[PDB]
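What follows is a single structure, written as structure tokens, with notes after it.
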Amino acid sequence: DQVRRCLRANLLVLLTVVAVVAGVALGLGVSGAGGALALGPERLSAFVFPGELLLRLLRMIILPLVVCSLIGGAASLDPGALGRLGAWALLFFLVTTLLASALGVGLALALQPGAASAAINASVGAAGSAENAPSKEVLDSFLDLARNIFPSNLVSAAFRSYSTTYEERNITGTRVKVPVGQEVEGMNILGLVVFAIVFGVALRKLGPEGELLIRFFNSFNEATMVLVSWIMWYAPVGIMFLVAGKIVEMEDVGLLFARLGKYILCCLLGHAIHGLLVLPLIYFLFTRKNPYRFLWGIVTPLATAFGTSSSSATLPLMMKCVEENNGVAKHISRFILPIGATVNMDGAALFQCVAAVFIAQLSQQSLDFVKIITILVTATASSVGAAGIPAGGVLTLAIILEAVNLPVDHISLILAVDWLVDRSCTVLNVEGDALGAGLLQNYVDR
Amino acid sequence: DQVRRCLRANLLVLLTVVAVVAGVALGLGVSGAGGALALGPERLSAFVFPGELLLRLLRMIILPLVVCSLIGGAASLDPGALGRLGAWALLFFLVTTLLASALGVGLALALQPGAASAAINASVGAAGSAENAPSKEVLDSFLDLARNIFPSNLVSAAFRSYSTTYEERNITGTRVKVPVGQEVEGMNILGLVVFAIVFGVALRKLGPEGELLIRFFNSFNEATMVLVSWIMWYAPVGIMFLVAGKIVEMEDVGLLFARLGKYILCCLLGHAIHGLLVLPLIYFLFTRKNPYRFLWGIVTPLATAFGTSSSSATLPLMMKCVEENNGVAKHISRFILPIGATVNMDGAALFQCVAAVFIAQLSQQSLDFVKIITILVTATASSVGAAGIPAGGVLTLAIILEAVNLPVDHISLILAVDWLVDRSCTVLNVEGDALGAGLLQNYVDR
Amino acid sequence: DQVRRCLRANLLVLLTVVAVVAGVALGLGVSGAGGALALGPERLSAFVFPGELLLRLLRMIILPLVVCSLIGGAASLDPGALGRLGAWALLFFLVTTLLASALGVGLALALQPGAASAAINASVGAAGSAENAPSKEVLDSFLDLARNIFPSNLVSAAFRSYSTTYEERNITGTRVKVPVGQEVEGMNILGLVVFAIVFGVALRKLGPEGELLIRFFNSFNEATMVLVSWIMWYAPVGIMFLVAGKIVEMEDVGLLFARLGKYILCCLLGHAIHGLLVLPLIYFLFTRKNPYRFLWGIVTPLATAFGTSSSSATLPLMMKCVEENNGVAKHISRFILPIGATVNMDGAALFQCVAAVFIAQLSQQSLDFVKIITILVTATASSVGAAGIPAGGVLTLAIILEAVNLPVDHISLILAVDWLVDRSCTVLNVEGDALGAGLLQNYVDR
Ligand SMILES: *[C@@H]1O[C@H](CO)[C@@H](O)[C@H](O)[C@H]1NC(C)=O
Ligand SMILES: *[C@@H]1O[C@H](CO)[C@@H](O)[C@H](O)[C@H]1NC(C)=O
Ligand SMILES: NC(=O)CC[C@H](N)C(=O)O
Ligand SMILES: NC(=O)CC[C@H](N)C(=O)O
Ligand SMILES: NC(=O)CC[C@H](N)C(=O)O
């Protein structure tokens, strides 16, 4: 049969999408028959482990990749030409993030998710529970991101980021708060991207003395790219257990879709127009080429981002598929795509935009025109400061609301539905990188 | 004199064994005349320091060795031949560990250490003291070892391993336990062995691009091997203070040997037959060569393992003595011996076997035939999960006993005698590596 | 104009000294008009940030420099000649530190800072506040420094040093203290200097196998030296905010200079004679060359040490200025100057000498002749154990006083004036390195 020929050449494509629907059929049979209580907590961790093992070993290789592949990328061309590459790049990440957040106002206002329904029953969901939050100030977190760039110690920025807390050591009368930083747990991806680019330029200023050093990091880049190919074969096995592990936790067979299902359909549709109708239209307007043939070549990482629910996870998996399947250049694909891992959270700019209108569609708040331009520019700024940590964008939602002085009286409605909507967020998040990667292929042709 | 000629060529052999008996004569004069109280705690740390300095600097070089020497080892030969090297290897570590644990049942049953003596006075030793223990479940620790393999972050696995604890954040009615992991202190040796082997194969799949990279790690391996030679000369000084520091702590001039000295003679004899009568018989059955001439060439690391009481400590010291003194190959000795550091704790499979019969010889427990095959297969499994941390195998003793549902009413009798029996454990532990290393020299001759 | 020609060639010299006086004029206008309370604590951290950003990114490059530049330095020459370089070196650091501490007795006794003034009103300053201190014993901290050399783990010594605390887990009757170490936060500079020197010698014992490895670390050294040049241009901006941030904290417009201003003039004059009259006289006695033409070539790092107030901070900044401006050799300047970062705290030997006479000039204490030779040799020993941490030498002041059994009834007078006197300490501290660096240039001419 001739149909057997195309299936052998599309083996990873077929196995990935058949597994993401397998766990939904697997997990609903677990959640329906018996439920979460039938397994027991001492066995539930053993069930979710073959999915949780996937997210582990696929994360350990981004450290010898991102600090390594940006060297050989940003030391080939000249630093005068890198400004002709970088300035057109950061302009593109700013427009795509801002245009996605502009859809958030334009879709939530025309649908009004704060409608007369069970969603307005937030008093049963609030309970004063999530009020006990750190909720750092908007001046401090914006100051914290500039301090997270240019890290303190180079080894310490491989596993331990920087943040800030508050204390009250102020027995003087009128007890005030005092900021203090303590370097909490978490990998600093952004702190090492800005190091490797600056370190990559310094090898270009050197003459033939750096020729030994650049071929070292070129070879050490290539050995990791061999090792990411073997994890790619394991990836259809793990995604079957990512979805079928998370679905055991909550239930939406008539409970979660009943209360705030209008909001869920509001934000999934925000991911529907953007990145499936807008980004192909932008890509065709600059290339005049078929975007879906480009999009079909990248479907294993995009389905993996739905499973792993982390943009920083699926970073090496996309770097294999873009340079192999689609016709891009070797060196420039390994530069614009890793810097795009933590700079264009436009899904978060679409998630935190709608969710900040959603609580203001209810509870009778105006937002006529002055708050609209502030809620538009804040979400496209905090998206840069967001990490690739799963469910990390919920923490940056509270700093938008205080700056636009909306009530935070129940943030717990937007919370506890982010096991589903954030998986759609990462797919839209990582898609604009490779669409921007192929957009620079036409730019070098002229 | 002709006797002066052999002593100059056997200088390290003579100085090492004269120092391990020097500290016993030194420490008993300290423990006898004056005792531990005559020195004071502010001076006792200053006394144990020249031994404690030895265990420190000899441990800092295993990180630029194990992740480095396994690269140049497992990138020379073909990956098809590595399966012909690896499968025969892991079969040998399984048999030697299981045969050692089979001696534990066969020697404790024929001697019955739970005899009518002062050893049955465990009520004075129990006191409900060591009941306050974490004692993680057998399903979780077996799950934890698979998660400790394939580490989370590559830099973070150089000093910080992974484990798990328990919390009770369960105010819902019927308060249950919940697992949580927090990455406690401790070097992950096993997490980096599995990384370097996979990374070593990927250089072999590369062509001449990896030729620069393999010669880098070949040279960086050799510079450490120079530096381990200088610490080897310091090693007879330190072992004199390892033994004469630990002996100041407890006393066995008629007190510890009186109560449970039958148990101590039971487990030291278990280390006597295995690895001095069995392993020479296995080595002669496959080589038909003199095992003791091979064994005399490795006596400085084996006496160092008695002093340091850590298998992961004496790993670089054996790698010098095997490739220099005995006639083994250069590349294959630096592969099978580091992977054997944390895979064949057969002394622990002999220690945790007898100690789990010892508490069941007392307190009237049966173990007729069904528990015997479970207590045999559990100890040979948890020996793989054991670390090279001194006195680390005591924590893995409790997970055997709950799985074989024996009482843990006094584990503190097996505790606080492990300053002596565990030093015999590490000597038997590290011996089977080099005997297995020389066993593969005959395998390449055919 | 011909005066425009010299200003273009002295751009860094002119911009650095015009900024250290700019912040004094800036900060006094802030402290005078409005004061510290006019800004608010939520804005004060935003004001001090462009200075605090300078101290951050200029510290992240000392890890890929000190462990890297000492390799290519101490592997070129022979190890027989390194003893002819090292022994003359460590003799020079011992004399310069001891001669500086000899000035501390000779200047405090001839001035008597414990005079009838407001400085003797220490009862208002003591309050029993700083009595709650750890204050580890003199035998333990001297033992701790030898354990901090030869670190435990190589990766862990890049951000996490070693220290010791005390516990009282001693329910046996007569509750005593027990030492325990826990690896507190802080970069171990000294632990990696002793590693790279020993590792550098081992490459020299290797033949042409180390030729690949030495050219690797030679190139990786040079790429950092490019990157330190770009931070040097940012350095006149940051020092303007270092001084104008610290001056907002305290006030000395008639308050701090009134109470103990005799002591401040006593210790600043101790930094005046030493290192501006003594060290030029020593340098002229061995070179017969102009020391101030050598001293004018290094004025950007010396003014930076006044701003950063850390010897370990300004280590790469001096390594650029010495090898470029002044006529020293390339390889030997990158060896003696990094080892001099944490070995010759003679300012601390001048600070901790005077401050230990200052509390004994008051409160009627003798120190006739026997305590004088002990207070001289203790301060030159603890200066080696001092770190490059700002305000780190105050902790090592208490261990001098107990060994010379002077009262520690108010150490808080020497505390809280170290925002000013310690900035003079680091300038004198880092100056003797480069004066010692140029002193070895004449030694290689013969
Ligand atoms: C220990 O056990 C023996 C019996 O074997 C008994 O006679 C004795 O009283 C017990 N206690 C002590 C302190 O010896
Ligand atoms: C300071 O000391 C002087 C004596 O020299 C005394 O007259 C004055 O009252 C003291 N001031 C305070 C505040 O104690
Ligand atoms: N909510 C967010 O967008 C941040 C977390 C999300 N998983 C991401 O990596 O994009
Ligand atoms: N008790 C044990 O056997 C644990 C391992 C042992 N400390 C070793 O290094 O060999
Ligand atoms: N007072 C001191 O000596 C502390 C250390 C000093 N700040 C230095 O960097 O050398």
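The chains in the structure tokens are called A, B, ... from first to last as shown; in each chain the residues are counted from 1, and the ligands are counted from 1 in the order shown.
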
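The shell of residues at most 8 Å from residue 315 (chain C), with only C-alpha atoms counted and near chain neighbours (fewer than 3 positions) removed, consists of residues 62, 311, 312, 318, 319, 337, 338 and 341 of chain C.
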
Could you please take those selected residues and save C-alpha atoms as a PDB file, in the first residue's frame?
```pdb
ATOM      1  CA  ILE C  62      35.524  36.887  39.272  1.00  0.00           C
ATOM      2  CA  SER C 311      38.749  44.047  47.829  1.00  0.00           C
ATOM      3  CA  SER C 312      37.315  40.972  46.100  1.00  0.00           C
ATOM      4  CA  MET C 318      42.962  46.232  38.675  1.00  0.00           C
ATOM      5  CA  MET C 319      44.106  43.305  36.506  1.00  0.00           C
ATOM      6  CA  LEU C 337      47.634  39.985  41.923  1.00  0.00           C
ATOM      7  CA  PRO C 338      44.731  37.453  42.257  1.00  0.00           C
ATOM      8  CA  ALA C 341      43.262  39.538  46.806  1.00  0.00           C
TER       9      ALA C 341
END
```

Give me the residues within 7 Å of region 368-378 of chain B as a list in words, counting only C-alpha atoms and dropping any in the same chain fewer than 3 places off.
residues 101, 102, 381, 382, 400 and 404 of chain B

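Excluding region 209-216 of chain A itself and same-chain residues fewer than 3 positions from it, the residues having an atom within 10 Å of it are residues 68, 71, 72, 73, 75, 76, 200, 202, 203, 204, 205, 206, 219, 220 and 221 of chain A; 209, 210, 212, 213 and 216 of chain B; 212, 215, 216, 217, 218, 219, 220, 222 and 223 of chain C, counting only C-alpha atoms.
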
Could you dump the residues just selected with N, CA, C and O atoms as a compact mmCIF listing (two decimals), in the first residue's frame?
```txt
# COMPACT_ATOMS: atom_id res chain seq x y z
N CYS A 68 25.17 27.28 25.83
CA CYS A 68 26.12 26.79 24.85
C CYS A 68 25.75 27.17 23.42
O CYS A 68 26.61 27.59 22.65
N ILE A 71 26.32 30.82 22.18
CA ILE A 71 27.68 31.25 21.92
C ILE A 71 28.00 31.12 20.44
O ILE A 71 28.34 32.10 19.77
N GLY A 72 27.88 29.89 19.91
CA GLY A 72 28.18 29.64 18.51
C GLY A 72 27.23 30.33 17.55
O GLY A 72 27.59 30.59 16.40
N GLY A 73 26.01 30.62 18.01
CA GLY A 73 25.11 31.44 17.23
C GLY A 73 25.59 32.87 17.16
O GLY A 73 25.89 33.38 16.07
N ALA A 75 28.33 34.42 17.67
CA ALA A 75 29.72 34.77 17.43
C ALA A 75 30.13 34.58 15.98
O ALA A 75 31.27 34.89 15.63
N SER A 76 29.23 34.08 15.13
CA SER A 76 29.55 33.91 13.72
C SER A 76 29.51 35.24 12.99
O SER A 76 30.52 35.67 12.41
N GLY A 200 29.32 35.95 23.82
CA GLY A 200 29.51 35.56 22.44
C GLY A 200 30.09 36.67 21.59
O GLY A 200 30.82 36.41 20.63
N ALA A 202 32.22 38.92 22.67
CA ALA A 202 33.61 39.11 23.05
C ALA A 202 34.54 38.14 22.34
O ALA A 202 35.73 38.43 22.17
N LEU A 203 34.03 36.98 21.92
CA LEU A 203 34.85 36.09 21.11
C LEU A 203 35.02 36.62 19.70
O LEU A 203 36.04 36.35 19.05
N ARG A 204 34.04 37.38 19.20
CA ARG A 204 34.15 37.95 17.87
C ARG A 204 35.15 39.09 17.84
O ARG A 204 35.84 39.28 16.82
N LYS A 205 35.28 39.84 18.94
CA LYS A 205 36.29 40.88 19.01
C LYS A 205 37.69 40.30 19.09
O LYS A 205 38.65 40.93 18.64
N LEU A 206 37.83 39.10 19.65
CA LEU A 206 39.10 38.41 19.61
C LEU A 206 39.38 37.90 18.20
O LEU A 206 38.46 37.68 17.41
N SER A 219 31.04 22.21 19.03
CA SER A 219 30.95 20.76 19.14
C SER A 219 30.10 20.35 20.33
O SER A 219 29.34 19.38 20.25
N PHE A 220 30.22 21.07 21.45
CA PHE A 220 29.45 20.75 22.64
C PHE A 220 27.97 21.06 22.44
O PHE A 220 27.12 20.48 23.11
N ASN A 221 27.66 21.98 21.52
CA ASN A 221 26.28 22.20 21.11
C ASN A 221 25.74 20.99 20.35
O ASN A 221 24.61 20.56 20.58
N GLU B 209 33.78 15.80 14.31
CA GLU B 209 33.48 16.98 15.10
C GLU B 209 33.68 16.73 16.58
O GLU B 209 34.06 17.65 17.32
N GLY B 210 33.43 15.51 17.03
CA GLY B 210 33.69 15.15 18.41
C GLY B 210 35.12 14.81 18.73
O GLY B 210 35.44 14.56 19.89
N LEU B 212 37.74 16.79 18.58
CA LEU B 212 38.24 17.84 19.46
C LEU B 212 37.72 17.67 20.88
O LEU B 212 38.47 17.87 21.84
N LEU B 213 36.46 17.28 21.02
CA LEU B 213 35.84 17.25 22.33
C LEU B 213 36.32 16.06 23.15
O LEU B 213 36.47 16.18 24.37
N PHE B 216 39.71 16.73 24.63
CA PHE B 216 39.59 17.66 25.75
C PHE B 216 39.36 16.90 27.05
O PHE B 216 40.10 17.06 28.03
N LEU C 212 46.83 21.18 24.72
CA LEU C 212 45.46 21.52 24.35
C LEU C 212 44.74 22.20 25.50
O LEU C 212 43.99 23.16 25.30
N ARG C 215 45.87 25.97 26.39
CA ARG C 215 45.43 26.97 25.43
C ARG C 215 43.93 27.20 25.51
O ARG C 215 43.46 28.27 25.12
N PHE C 216 43.19 26.23 26.05
CA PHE C 216 41.78 26.42 26.34
C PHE C 216 41.59 27.48 27.42
O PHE C 216 40.87 28.46 27.23
N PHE C 217 42.24 27.29 28.56
CA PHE C 217 42.13 28.24 29.65
C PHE C 217 42.87 29.54 29.38
O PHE C 217 42.61 30.54 30.05
N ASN C 218 43.80 29.56 28.41
CA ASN C 218 44.40 30.83 28.02
C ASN C 218 43.41 31.66 27.22
O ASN C 218 43.33 32.88 27.40
N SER C 219 42.64 31.02 26.35
CA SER C 219 41.66 31.75 25.55
C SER C 219 40.46 32.17 26.38
O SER C 219 39.93 33.27 26.21
N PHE C 220 40.02 31.30 27.30
CA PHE C 220 38.88 31.62 28.14
C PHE C 220 39.22 32.71 29.15
O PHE C 220 38.33 33.40 29.64
N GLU C 222 41.18 35.26 28.20
CA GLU C 222 41.27 36.48 27.41
C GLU C 222 39.89 37.02 27.07
O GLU C 222 39.71 38.24 26.96
N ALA C 223 38.90 36.14 26.92
CA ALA C 223 37.54 36.59 26.61
C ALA C 223 36.91 37.33 27.78
O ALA C 223 36.11 38.25 27.57
```

Identify every residue of chain B that has at least one atom within 8 Å of any atom of chain C, counting only C-alpha atoms, and report the result as number ranges by chain.
B: 41-42, 46, 53, 56-57, 59-61, 63, 155, 158-159, 216, 219-220, 223-224, 226-227

Within 6 Å of ligand 2, counting only C-alpha atoms and all ligand atoms, which protein or nucleic acid residues do you find, written as a PyMOL selection string?
chain C and resi 116-118+121
